[PDB]
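Below you'll find the structure, written out as structure tokens, and then a few comments.
Chain nomenclature is as follows: A, B, C, D and E, assigned in order of appearance, with residue numbering initiated at 1 for each chain independently.
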């Protein structure tokens, strides 16, 4: 299967990416240094780790895959690859597997060394369930912004404006959408029902990421897992629909 | 002169950068927005420490967005090996790029703090215009110097690298280190030691950070609340007058430009 | 018949960049597409690859549809310029394409020895030159006995030993039964190896056929040169009576342009009187036929 | 003499990429540097431009020092690939280079006509082709009547009409007394315009001199092709007695390779018996001499 | 209702001093004569469950060592255990045990009464709305309630309009209010300990009083509640672990999330050297209660130190000495006790959370973490809060934890 044959490239190309390994080291240092100041200075420190992985796991995913499609179009290999026995779906889905297992490994070095810094500086029956819920949901947050990066790469025609949109999606989905949620609270009260606001949190995958790190809320947990996976499944379907229109 | 002939390119090439004019209009619409909020709350020493903090985040950012690809953006573009076969030196296509990118920052902050001054003289009625002109004249000829430091930083980190994608990694590294890591390393050194690491050396460590020398210049007269200053409340312990703080900002240019020329001479 | 392109007219939206080309590529011949820099050489290959949609025309590649993966297993293609993946290494990127095309990984290494990039193998693609990438870019197209090549300028930045070694690699593939399409600009030299040139203008395919057909159809002068002739100035007369302009650059070098229809009697004039030190009877080249056919469409 | 390079052994640190080249370039001639892709061709021009240090050697450009700005005003140079400034326009970057070289700005517009970029002038360089950039890359080199051109592969990605116009533009600059150095790979065709080829191996400069001197030293076969001969198989004998291998591809096409020392008596055999339909007496080309010397170096 | 002389008191001393022997009694009893009666420890004067058991109407009565049991529960007819009339001036009620569903010691209009060392176990089943007061004081000048132990009454030591009196060393456990104050001008209370109480100290509309050294261990929803107190003095109080809850009646207070100190319309008072420990709210400052000397306290372990819903600035440091804050991430260069940078306990996003509780869902967002940093970087958007220049570097209440 060539969905794996193009996935083995992106592992080998991602592990020699100098930009990724700098940030993934910085992700693992900040995950111990928050955990050092949460034990020496727990659900109170796993919430501060959730604010860290809401900053960086969208940033790691957008650093990997903002030049996934349009970086191959600028390199000319994309027009070459379509002449191979390859659909346009298998290029995208295989890059999603290849870029997906990088940040599925970058949280295993990120939080795999953070769980080592808690297990040697403190309960471990609660640790492997609160971090199993943390590492899985941090990968699924990263796979949304991976699929967001494939959407913006397929729309743009140049690599320089791809980073201009990947920064734009990162600003909008991390810290502009919640600032306009507060501005809809503190500046609008006659036309803003605040009971509706626990339901508008499902329109933001960074927000659904924190909600499955804050339980340990009108909706249950199982819809919240299926609302994070729906952000993958719609945006990958959006990325496949956009990639077929090049 | 050849130094102006290559300055005229970057003056006409930086103004076609859509990324510069976005975040230089963002510097203009924030310096009015801070100065409008500073007029509705009336104090004055809070609007100086916020404008100096605004130009701490943006005048290094406009300088590093402009000039990170000054040498390596011409080197991998092929036009650097061509340019040395023109009647030039390596010192003229760097000082010319420094004049060319320096007049953008001298204009990006005269636009920014220029509309900030008209958003004060037309908003707070009865404000003293002499104190306004002196304080915002001190903001103009010192945010350029902060901009010219990070401009000269960007020529250092462009001459060392050989790939423009790695120059953007160093320019983000220099922008993170000098703006909001050295302010946090000095804070974490002071909190974890509770001020008992060194009671006499620690104010002199502000001089190893040009964003802190920039904040110490504009917060000279209007000290006021120390909690608005943060780690710049070490600035009263500095026995140096205000005029050497200008000279330590110029020495951050001239050392980091002579380093930029000595690196470029063995490119 | 390998490629049967009939009546196809590809448009970039409104602007019809190609128009009414009726191209037929036999199963063992080697076609040469030549033209301007905007004559549609690169886009005409995209019609063969099936990646670009044949607006108001049908393309029959190998008796099948041009977008089938069943025929893309035997369709190697070298694009114009491919800075492939500069963080990958040169051997590994060819291993990457071999897994994609279904080629065996044991076919990878001797392709580097065949193309001559064996010494710079296992080195990063950013460390490669322009010509070194072209050797690598050729190498992926040769993977796993492709019935149809498509080369768009394989000889750019390439040494004249290696380009001459490339055409021998092409002529090896001609004997195995694989049609090749060249889209070149190094028109002197390539005429020994192609079978049918396909010089095309901006929109329309101008002329096709072998070089024997083009020189028979397009009347071009034979460029004779009598270098080191004994006398030149009364030898100005010796071709004007036969109807040829006896232009002479040096003192004893007449580069006369004759008819190529009376070659024996004009050369019996040249071999009978006047001494032949070094003679260049030069046939009308592909470049002259290129020069004739581009202006004739304008 | 324009460029007097003696005793230069340019080293990339430990490795000596050039070795003991003694090159001399006359004041009106057109030299051609040809070789491998790792033969040191681009680096040999960096010695002339002065931006590379001559290790244990000296470079004499125009009788003066190679890094002096007094001589760089009359030294145009076109590199291999220059994506110039993709945000600037076409006219302004040529205006930009004109101010640097001290050329008058009145020369800028008519240079664009002279290279043929007036239709695409005042347009962004990111909207330019590879061949369009080579036109722009040529255009900056010609500013302010330079005494010495340096063109490294000026005809890459270029249409053979435009390459032929380019050498006409080169030969016009030959008449003005401007020495040109070509650093090429498109070797058939350029021999009509150069004066002395300067084919070099990996380290050493192999041979210089005119094409006559290279044909005089390197004894190479003249490639007589007698296409459309009456009989071929008994015409196999008619050159083997004279010492030539009478290889014949088709039924009636002997592409004989003779000695070029008996040109009259071999052709009188061909003109006396056997009819000459179309003959190609091809002299040993630039590529033929290039094939000989590089293997003679190794 | 018989009298105390109707019992069998064996007189030990001829100075109107009596001694009741061990043995139970029955019914209410009445003091009409100045009898300094003592009791053996087996003197269980057990009433039947109706009426005030030991009414006292004569001045200078030294009641000592009695054990009262099961009086009435009619709080309207004031079924006390020991009722003390206004004519019963300077009464001493020493070391007594009481268990009954009404008032323990109801005094009114008296002067210099001393209720010392008694142990008043109120109730077990009543809903803290009819348990009756432990030590009810109604407009008394001179009272001395010392070292008692009141348990499970209704609202503890109730005090209504009583002017000059001391409350020293009394232990108050599992009651509704610990100490209730109603218009008790120029009062005083020292070293009392209140445990597991739905409000530790009710200070309602009483001026000029001294609250010193008192302790409140694990009380519910209000550590020290001060309503409309002026010229007061809050020095050395130890308020620990005010957990959330409700008073159950919501009569004079409301339910709280746990506030160690709640200042409601208290204009001038000195709040020094206190220790507010491990509550949900360290101090709640209402908008009407401003400009009073708050310096030298210890706000340690609280999840939110100050709640101040206003935009007026509020300096919290008199004479250049401020308070110790546990989350004060500051330094001390010049080696004095004071910190070097001022401490704002509240952001702007810490007061959006008070205005809108739905922001708790957004409280872990990076944009909130951006907005906490934007206030620290751009001080124009900082609303003028409850800062203190020169906060303390070390704990000043090193002795109050013992």
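Please note the rule applied: contacts are C-beta pairs under 8 Å (C-beta built on N, C-alpha and C of every residue); 3 or more make two chains touch, one makes a residue touch a chain.
Peer 1: Rounded to the nearest whole Å, what is the centre-to-centre distance of chain A and chain C, using the mean of the C-alpha atoms as each centre?
Peer 2: Centres of chain A and chain C (C-alpha means) sit 49 Å apart.
Peer 1: Counting only Cα atoms for the centres, state how far chain B is from chain D in Å.
Peer 2: 51
Peer 1: Chain C to chain D: how many Å between their CA centres?
Peer 2: 21
Peer 1: What is the distance in Å between the mean C-alpha positions of chain D and chain E?
Peer 2: The mean C-alpha positions of chain D and chain E differ by 103 Å.
Peer 1: Tell me, which residues of chain D touch at least two other chains?
Peer 2: 80-81
Peer 1: Two-or-more-chain contact residues of chain B, please, as numbers and ranges.
Peer 2: Expected reply: no residues.
Peer 1: So that we know how the chains sit together, what is the shape of their touch graph: line, ring, star, complete or other?
Peer 2: other
Peer 1: Between which chains does touch occur?
Peer 2: A-B, A-C, A-E, B-D, B-E, C-D
Peer 1: Could you list, by residue number, the parts of chain E that touch chain B in their complex?
Peer 2: 329-335, 340-344, 376-382, 387, 389, 393
Peer 1: Which stretch or stretches of chain B touch chain E in the complex?
Peer 2: Residue positions touching the partner: 34, 37-38, 41, 46-47, 49-50, 53-54, 57, 187, 190-191, 193-196, 199, 202, 225-230, 233-234, 237.
Peer 1: Show which residues of chain B lie in contact with chain D when the two form their complex.
Peer 2: Against chain D, chain B makes touches at 2, 5-6, 8-9, 12-13, 16-17, 77-79, 81-89.
Peer 1: Hey, which residues of chain C end up touching chain D in the complex?
Peer 2: 34-38, 80-81, 129-132, 153, 156-164, 185-189, 222, 260, 263-264, 267-268, 271, 275-283, 287, 290-291, 294
Peer 1: List the residues on chain E that touch chain A in their complex, please.
Peer 2: It is residues 352, 355-356, 358-359, 361-362, 364-371 of chain E that touch chain A.
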